[PDB]
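Alright, two takes on the same chain below, each alone as structure tokens: structure 1 and structure 2.
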Structure 1
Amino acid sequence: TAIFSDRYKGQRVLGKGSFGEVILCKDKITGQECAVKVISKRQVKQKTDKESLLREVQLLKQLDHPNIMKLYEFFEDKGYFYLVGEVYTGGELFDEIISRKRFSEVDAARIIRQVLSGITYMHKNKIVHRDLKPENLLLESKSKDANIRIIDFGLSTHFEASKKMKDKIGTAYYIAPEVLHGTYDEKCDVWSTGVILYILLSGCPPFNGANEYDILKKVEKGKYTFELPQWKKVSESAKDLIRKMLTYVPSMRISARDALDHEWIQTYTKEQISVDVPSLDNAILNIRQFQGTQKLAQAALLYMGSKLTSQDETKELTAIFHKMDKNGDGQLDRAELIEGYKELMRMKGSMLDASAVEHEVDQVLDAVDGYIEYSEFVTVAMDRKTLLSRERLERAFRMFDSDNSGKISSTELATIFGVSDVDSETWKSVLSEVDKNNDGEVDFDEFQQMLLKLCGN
């Protein structure tokens, strides 16, 4: 009865994840800005029947909490679902924390009370998150004390998530052990919050490891410690809340409601601070290292993924253009190049790619150009795509290189590649192939060369 394009217009992409793309859209009548989640039906398997999805959607539309992302509308066509909801521009919680000079137990508690309030409300309405992680914690502004909104509540129950490694990064740390074995309820959200809390107070995951399986092994046994030197500087009340949140048996684990009433929360979330605020210096250092490592492993997989996409394009675009060339003169006009690049985009699984074509064609013509030699257009068009892909990877590398040495050690490579599920011997062999005189260090171009060889390029 209702169609998406008649009510909204895509402005720009906000991101991509395990369910699909999140696009910044504006209402065509009211000018209202919002985040639209586009989910492909052919790409994403439905866990429940459409009737169960349509019912939860109606419930989510009726719910309102200051710590939960608002779902406004829901649309559906032949091959997609459209989850239209509120937009937040503050970015991810952890990306803000890493910019701070000081971080206290008060800071962490005020952060965790926000998360806990949202969870309590959702649980009251029988809605479980299940996949709660730092990436699901958005801010309204990139500042300290800013309001937190939890994204993706109830998504998990209806949609089977992406098993691709690019989407699996940073997930094993947070998952409750009962979710792994199949029997779980709302208590699984408390466990994930407890893991976030442990990281806020130490900058280290309680269940850590070299690769995904190793972390899952730790999670599954459920044993962790406060044995790190930075825990000496943390209050016993904070440790006692974590112990209750990371309690193995879900029946024996504290509720989201009772965690709000815990001594640490009620004491450290006072409007007027009544406690000592020493900075958790070692924690803030570890949170920057953890974050940087996560973001680099994410960027490495995106770069390899986007190279396995850019190789399809260079040959496919020259074919499309050759077909369009009636004269055989290797030339085309502005309209033909536009029609050609649009055809290349129509054969894929982004919604904003067709509208973005004209501006990109003109940007290529600015350096190139009438009657344009398509071969010159193609190389210039693909090189720009290659460059943007390289720059994204570079920003991540520069961010990870905290001491500005220009190099990453073999130890750091082991960690990055472990998080991105690249086999030790595989990456080590690619390293020997790239530089024969390698001495346990790679600069940005050697790193980029390594990832190229790791995706058959």
Structure 2
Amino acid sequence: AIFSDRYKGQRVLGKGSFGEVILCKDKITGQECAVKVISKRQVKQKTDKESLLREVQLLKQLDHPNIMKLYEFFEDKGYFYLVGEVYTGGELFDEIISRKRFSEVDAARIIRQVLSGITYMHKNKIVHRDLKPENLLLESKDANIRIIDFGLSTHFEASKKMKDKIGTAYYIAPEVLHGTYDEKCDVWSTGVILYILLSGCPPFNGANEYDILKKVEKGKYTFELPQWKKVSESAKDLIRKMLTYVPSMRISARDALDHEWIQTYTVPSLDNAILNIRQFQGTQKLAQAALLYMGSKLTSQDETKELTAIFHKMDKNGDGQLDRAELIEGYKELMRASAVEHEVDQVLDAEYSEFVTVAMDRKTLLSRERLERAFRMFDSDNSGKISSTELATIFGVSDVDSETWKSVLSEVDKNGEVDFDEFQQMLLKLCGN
């Protein structure tokens, strides 16, 4: 069976773990679906085909209101296609940062759902392993949470590219790092999220990946921050049970559901936590957009040169001009079909050198507008500028050498703060331009 025989692409939803996710639509029923497309090139399998197929098969049979429903699985030469239900309420944290009030009641209601889903999957012997806020989609303000990506980390080796690793270190259980992990690792990650929901700061933090992993490996954290004063003791107690180092001594998903805090809270507003979550979230999203911008730029540069050499070879009259059919055949060649023809017609609606420019810009702006937007979001004072402290944090999360970005900053900030355009120049310099 062919994926494109049944489904057509509509919109790109974004980059997710192990692959990009596309909103697709059934050619018969008009049923909208979300599809994760995994490139066999970019991702190494950890298991045999049989084990993966069987997990897929089980997943298709599983049903829980807090777990993303998987419908279908496809495989071709270079790709796996995992087709499941579309959720439209976006990521939990984005909704949370746009709230008047947030209390232990809200956090308890969130955690109940997460725990219920986790409990269900653990009963079925399935571990997430890479569980984080971005894995938590809302179904549609009271709408249920659907956990995405369950079952992937067992069959696929985690990417080494920083673009994909962004923000994972905060949430990963220590025993996962060492290779000996079980279902309790999902409890740890869930413990970290609760900690953030109640303080707006990760319990294990740092200026870069390794500093965070180092705090995680050590296992120590505190409720020292002033804002923990406005938080019940039973919540903090649950965190302690969830953030227990040894997994055998760590509370199960099921027993967490019965905990005093979950029972009781399913009352003042934690304003500081909201402010810290908003700062935290903006930072992670800006760092991420920044890395994605550099990546799209390079990919663009690569494809720009490759497409030019194709359009040059196709110019068998040597004039620099070409017709529509040539462009289509060339664009098809770059990838080596309805989606290409449509894309071509959109560009043409907007001399092959001019075509290359606009076409690539049409990728340069998915990430350019995400970048501008994340920048404006981050600049909550609307000052138009970023401080050196803020830069350090962003590049540190981006894992860009402190001395390297400082260097680049020196060439542009010849005169202690940067605007958006400077920041973007910094990034261009940081990708060989």
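So that the term is clear: the rigid core is the largest set of C-alpha atoms that superpose within 1.5 Å between two forms. Here, residue number means position along structure 1's sequence, counting from 1.
Of the listed residues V38, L216, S255, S310, only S310 lies at a hinge between rigid parts moving between structure 1 and structure 2; the rest are more than 12 positions from any hinge. Remark: the rigid domain rotation between structure 1 and structure 2, smaller part against larger, is 10°, computed from C-alpha superpositions.
Core-superposed comparison between structure 1 and structure 2: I284 shows a Cα shift of 0.3 Å. On the core-superposed pair, the CA position of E316 changes by 3.4 Å between structure 1 and structure 2. In the rigid-core superposition between structure 1 and structure 2, residue position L388 carries a C-alpha shift of 5.0 Å.
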